[PDB]
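What follows is a single chain, given as C-alpha cells, in the form deposited in one PDB entry.
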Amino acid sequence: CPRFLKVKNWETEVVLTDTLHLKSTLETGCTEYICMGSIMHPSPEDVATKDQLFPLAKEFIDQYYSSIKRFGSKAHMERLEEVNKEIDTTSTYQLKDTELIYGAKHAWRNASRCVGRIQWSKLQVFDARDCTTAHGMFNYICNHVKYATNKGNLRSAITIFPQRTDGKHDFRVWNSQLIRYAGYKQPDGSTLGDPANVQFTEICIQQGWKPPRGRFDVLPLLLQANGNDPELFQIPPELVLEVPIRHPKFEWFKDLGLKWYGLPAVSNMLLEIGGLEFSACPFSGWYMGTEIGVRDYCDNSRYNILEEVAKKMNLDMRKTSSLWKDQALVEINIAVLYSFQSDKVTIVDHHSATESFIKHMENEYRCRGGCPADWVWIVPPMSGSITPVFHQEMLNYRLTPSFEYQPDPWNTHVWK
C-alpha cells in the first residue's frame, strides 16, 4: 500500500492526507477487482488461541502506552511482561481499568459508520466485569439507562460485561437495542407496532412475556449471563424517557398518536479490545433526527406513515413526480426535531451533525493522520447532497479496538 492517500472535498476543494490507513488491521470485504462498500455485512464458536492472542495484546498495549506518552517505559515493558505471563498461564488476560476505558473510547473513535464521533472522548465507561447473573446485568443496565438519560440531558455511556472465555459462557443482551417497541404479526397478515421487531417480540412472548399488544410497547430485557439461558426483566417505565411527536404548524399531527423513546442504545454488538471479546457491551448516545423521522417512521417495512401524513396534508398522491412522499418526509422530520427540543431531550438535526462530523474528520486527519469513514452510512437518508458529507471523499478501513457484529444469540445458544 502507498504511504499517503489523499481525499478531496468537492465543494470546498480541501484536500486531506491519510496515513492512518497503514494501521489497518482487518479486511473490508473489497478486493482489487470488486468493491463491497454498500454490502451491509461483508464476510465460529471459537476463541483466540494463545498464539493468536500474544500479538493482538502487544499491539493494543503498545498503542495504549504510546497514547499516554510512555512508550518504551518501564511501566510499558512490565505491563507487556505481565500480560504475556497471564496469557501463558491462563490463555487469556484481564485489562486494567485505564486500558478498558481507553479501548472503549477508541472502538467508538474507530467506528467508521458513526457520524457522531466528535464526542468520542466524552464517554462514561461502566465496568461491569464483576457481574455474574442476569439479575446483576439488569441492575447494571438500569443504572446505565438512568445515567445516560439524565432527565433528557443525555450523556453517552457504555456498560461492559465480562469478556468471552471459552465461548460457552458468553454474556449477551438478547435485545438488539435496550429500548425498542414490540411488533405483533396479526392473523390477517397486518402488523401492529414496529414490524422490525416481530421475531424478537415472538421470542419474548415464548419466554413468558405477557404482551400489551399495543403500538408502542417497550420490550422487556432478555439477558444472558455466563452462557446460561436468558431471563426476562421489565425496565422500570420511569426510566424510559419518551417524546410524543407533534408538529409546530399542523395541529392535527398529534392526532396521529406517535411517540418515540429518547435513548438510542445498541446492545447486540461485540467490543474487541486487544484480542479480548466483550460480547455484551451496550452503548448509547443521543439521536440524529433522521434515524426516527426518516427510517423508523417512513421506511416501508417500519412504521410507514408517509401515506397517512400525506393524506392529512391533502397532497396529490397519484403521481410520484408531485413528490408528495418527499414533502411529507420533511414535515415528519420537522415534527420529530420540534418535539424533542420542546421536551428538552437531546437530539441533533442532520445538518448540525454532518457539519460537526466534517470538523471532527478534519481534526482527526491533522492530529491522527486519518479518520476511517463509511460514506454509505455517514450521509443521511434525506437531503443527502445539501449536507457537507455528501461532497466529502472518505476512506474506509478497520482499526482496532472496534465494535463488530456478531450472530444473533438465539441462533447460537445451547438451551440448558
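When you see a residue number, it is the position in the sequence shown, counting from 1. Shifts are known only where both forms have a C-alpha. Superpose the two forms; the largest set of C-alphas matching within 1.5 Å is the rigid core.
Although it is not shown, the form deposited in another entry is what the next lines describe.
K.L.:
Can you tell me which of these residues, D299, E202, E291, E86, is the one whose C-alpha shifts by at least 2 angstroms between the shown form and the other one after a rigid core fit?
P.N.:
Among the listed residues, the one whose C-alpha moves by 2 Å or more is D299.
K.L.:
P282 and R295: their C-alpha distance differs by 3 angstroms or more in the other entry. Do they come closer or move farther apart compared with the shown form?
P.N.:
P282 and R295 sit farther apart in the other entry.
K.L.:
Closer or farther apart in the other entry, the C-alpha atoms of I205 and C298, for a change of 3 Å or more?
P.N.:
Closer together, which means the C-alphas of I205 and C298 are at least 3 Å nearer in the other entry.
K.L.:
Send over the list of consecutive residue runs, 3+ long, where the C-alpha shift is 2 angstroms or more at every position between the shown form and the other one on a core fit.
P.N.:
This is the sole shifted run between the shown form and the other one: 293-304.
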